[PDB]
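Each chain, letter by letter, is given below.
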Amino acid sequence: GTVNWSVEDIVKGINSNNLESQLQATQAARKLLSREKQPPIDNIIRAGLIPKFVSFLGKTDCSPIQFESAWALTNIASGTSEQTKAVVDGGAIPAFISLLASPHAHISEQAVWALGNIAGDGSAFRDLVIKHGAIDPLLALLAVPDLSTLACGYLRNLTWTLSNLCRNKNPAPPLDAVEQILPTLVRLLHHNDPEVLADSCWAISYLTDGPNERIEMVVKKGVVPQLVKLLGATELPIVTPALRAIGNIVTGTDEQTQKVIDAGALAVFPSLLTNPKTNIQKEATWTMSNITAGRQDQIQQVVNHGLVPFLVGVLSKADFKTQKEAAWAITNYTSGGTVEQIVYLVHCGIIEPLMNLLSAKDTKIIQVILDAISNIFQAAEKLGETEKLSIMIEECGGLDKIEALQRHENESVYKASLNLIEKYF
Amino acid sequence: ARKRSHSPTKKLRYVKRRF
């Protein structure tokens, strides 16, 4: 019927002025563009079919051709950036926005999907979709008393498209658009569907990946407790974006970090810092490193939750990137901590793994470790116990590593190692 | 000690095809 048509036949059917022949040719095009392997998007574009599809988007009296052309254009916009640009150049954005209010739910859902692709191309097309006025009808589609009355696929598509509207930087989405979207996004963040939750968390993570004002916009909506709850979820697709959002939030001010701590986030990190998935471990260690860069009371809350031994463990054995994040966490801890917190750090057994990591090839981690060791030595000086720390470092084999680094190619490593050896060894 | 922001994503485009 409409299966395995040639682009020639599709073009002849769409060039006929018989709306039913046009409909069947458009369905054949949709079926070609929906094939698993190498859909012929470039050939369809070269045939000049995008303007015809966009015109078909406005055939209110023929809902089937609206649906077929919307699907075809969605799949074309899912290709390269040049093909999404081809779709946009045909005028598809306002037509899809007009279709958002279609009485046919499948047509509205397809329009949502297409706008999601277009906005997902990048920040320019994201802002252009916003300028054409998509947010208001999109949100109207979600203005229901209970989200559970909506079809699951429809709701997932709406959530994904909104997340794409929140995505990308340079520039970030317009502030007014973010404020207009956020309430619905929180409501979705409280939904029970795992995919909706994952996409909502990803959107919140996008919105929190920026200056402190952007983070404040999100945290004032009260999302942090729900984010922590989702941090404790069993589904990795939910935990990953929730952890990303929590990390972004703790990159902000001390009060936003304190909001994260007050919600009970630290109690989840014993599992996260031992999670079998390496990415979770790395992101959790980065989050901990940003939390140890906070106030001394926040470092003390890290201590009270028994998380210093977990940092020692990650420093002892983990993928090298997680170990680098842990070294950063240790250096921030030692930079901002009290003498008592630093001696507690040493009592947990940090010196030996911190020294074993001086074997690495990365220069920046070496500099970070040497800075942490200098801070720990300053604490030991204030206690008059420099010789005990030096004996510890010498027994570990760390003095060998430091004296070797005296001959390192980088200037800072050279000078830091020589300072340590001149002042304490 | 300064807060260290997350590294930029290398996934610049997020688009989906309907099969």
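Residues numbered from 1 in each chain as written, not as in the entry; some residues may be left out. Chains lettered and ligands numbered in written order. Heavy atoms only, no water.

1. Remarks on the interface of chain A and chain B
Part 1: At the interface, 43 residues of chain A touch 16 residues of chain B.
Part 2: Summing the contributions of chain A and of chain B, the shared interface buries around 2500 Å²; its carbon and sulfur component is 45%.
Part 3: Ranking the residues of chain A by area buried against chain B places A:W113, A:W160 and A:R167 at the top, with a combined share of 20%.
Part 4: If you look at where chain A meets chain B, you find two salt bridges.
Part 5: With a shortest N-O distance of 3.0 Å, B:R13 and A:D121 are connected by a salt bridge.
Part 6: The interface formed by chain A and chain B contains 23 residue pairs in polar contact.
Part 7: Contributing elements (two or more residues each) for the side of chain A that touches chain B: α5 (63-77), α6 (81-89), α8 (105-121), α11 (152-165), α16 (236-250), α19 (278-292) and α22 (320-336) of chain A.
Part 8: Here the element with the most residues in the side of chain A that touches chain B is α8(A); it accounts for six residues.
Part 9: When the residues that make up the side of chain A that touches chain B are grouped by side-chain class, the tally is 12 nonpolar, 24 polar and seven charged. (Contact = heavy atoms within 4.5 Å. Buried area = accessible area lost by both parts, 1.4 Å probe. Salt bridge = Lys/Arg side-chain N within 4 Å of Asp/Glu carboxyl O. Polar contact = N/O pair within 3.5 Å; in protein donor to acceptor, adjacent residues only side chain to side chain. Helix = DSSP H or I, 4+ residues; strand = E, 2+ residues; numbered from the N terminus. Nonpolar A, V, L, I, M, F, W, Y, C, P; charged D, E, K, R; others polar.)

2. A word on the pattern of salt bridges
All names here are of chain A.
Part 1: Counted according to the given criterion, the structure contains 16 salt bridges over all chains.
Part 2: Here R295 and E255 are joined by a salt bridge, their closest N and O atoms 3.9 Å apart. Separated by 40 residues along the polypeptide, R295 in the loop between α19 and α20 (296-304) and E255 in helix α17 (residues 254-262) bring together distant segments of the chain.
Part 3: Residues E283 and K282 are paired through a salt bridge, measuring 3.6 Å at the closest nitrogen-oxygen approach.
Part 4: Among the residues examined, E283 registers a relative accessible area of 6% and is labelled buried. (Buried < 20%, exposed > 50% of the residue type's maximum accessible area, 1.4 Å probe, protein only.)

3. Concerning the nonpolar core
Residues and elements named next belong to chain A.
Part 1: Counting 148 residues, the largest nonpolar core has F53, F96, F269 and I373 as the members making the most contacts within it.
Part 2: Sorting elements by how many residues they give to this core places helix α25 (residues 363-383) first, with 11 residues.
Part 3: Beyond its immediate chain neighbours, meaning those up to four positions away, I373 contacts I351, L354, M355, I393 and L420. (Core = buried A, V, L, I, M, F, W, Y, C linked by side-chain atoms within 4.5 Å.)

4. Side note on α25(A)
Part 1: Taking 1.5 Å of rise per residue, the 21 residues of α25(A) would be expected to cover 30 Å, and the 30 Å separating its terminal C-alpha atoms lies within 8% of that figure.
Part 2: Just beyond α25(A), the residue with positive phi is A:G384, at close to 70°. (Expected span 1.5 Å × (residues − 1).)

5. So, the packing of α22(A) against α25(A)
Residue and element names in this part refer to chain A.
Part 1: Following both chains from N to C, one finds α22 and α25 inclined at 30°, their axes separated by 9 Å at the closest point. The orientation of α22 relative to α25 falls into the category roughly parallel. Along this stretch, α22 crosses α25, giving a crossing that reads as left-handed. Every residue of α25 that contacts α22 at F320, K324, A327, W328, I330, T331, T334 and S335 is listed here: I365, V368, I369, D371, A372, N375 and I376. (Axes fitted to C-alpha atoms, helices over the stretch in contact; angles between N-to-C directions. Parallel < 35°, antiparallel > 145°, perpendicular 65-115°, else oblique. Left-handed = near helix turned anticlockwise from the far one by under 90°.)

6. A look at the environment of A:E8
Residues and elements named next belong to chain A.
Part 1: Among the structural elements, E8 can be located in helix α1 (residues 7-15).
Part 2: For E8, a relative accessible area of 66% gives the class exposed.
Part 3: Between the C-alpha atom of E8 and that of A47, which follows or precedes it by 39 residues, the distance is 8.5 Å.

7. Observations concerning the packing of aromatic side chains
Part 1: Using the criterion set out here, one finds five aromatic pairs over all chains in the structure.
Part 2: Judged by centre distance (5.7 Å) and plane angle (80°), the rings of A:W160 and B:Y14 are edge-to-face.
Part 3: Taking relative accessible area as the criterion, A:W160 reaches 0% and is therefore assigned buried.
Part 4: Centre to centre, the rings of A:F377 and A:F425 are 5.8 Å apart; their planes meet at 85°, and the pair counts as edge-to-face. Within this pair, whereas A:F377 is found in helix α25, its partner A:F425 is found in the segment after α28 (411-424), the two being separated by 48 residues in sequence.
Part 5: Residue A:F425 is classed as partly exposed on the basis of its relative accessible area of 34%.
Part 6: In this structure, A:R30 packs its charged tip against the face of A:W71, placed 4.1 Å from the ring centre. (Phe/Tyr/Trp six-rings, centres within 6.5 Å; stacked < 30°, edge-to-face > 60°. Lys NZ or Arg CZ within 6 Å of the ring centre and 35° of its normal.)

8. Things to note about the environment of A:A233
Residues and elements named next belong to chain A.
Part 1: The topology assignment puts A233 in the loop between α15 (224-231) and α16.
Part 2: Along the primary structure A233 and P194 are separated by 39 residues, whereas in three dimensions their C-alpha atoms are 9.9 Å apart.
Part 3: When sequence neighbours within four positions are dropped, the list of residues in contact with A233 reads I238 and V239.

9. Topic: unusual backbone geometry
Residues and elements named next belong to chain A.
Part 1: Cis rather than trans, the peptide bond between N170 and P171 has omega equal to 0°.
Part 2: When you line up the elements, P171 lands in the loop between α11 and α12 (175-189).
Part 3: Of note in the backbone geometry, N4 takes a positive phi value of approximately 60° without being a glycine.
Part 4: Within the element layout of this structure, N4 appears in the segment before α1.
Part 5: On the basis of relative accessible area, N4 is assigned to the exposed category, the value being 71%.
Part 6: Here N170, not a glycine, exhibits a phi torsion of approximately 50°, which is positive.

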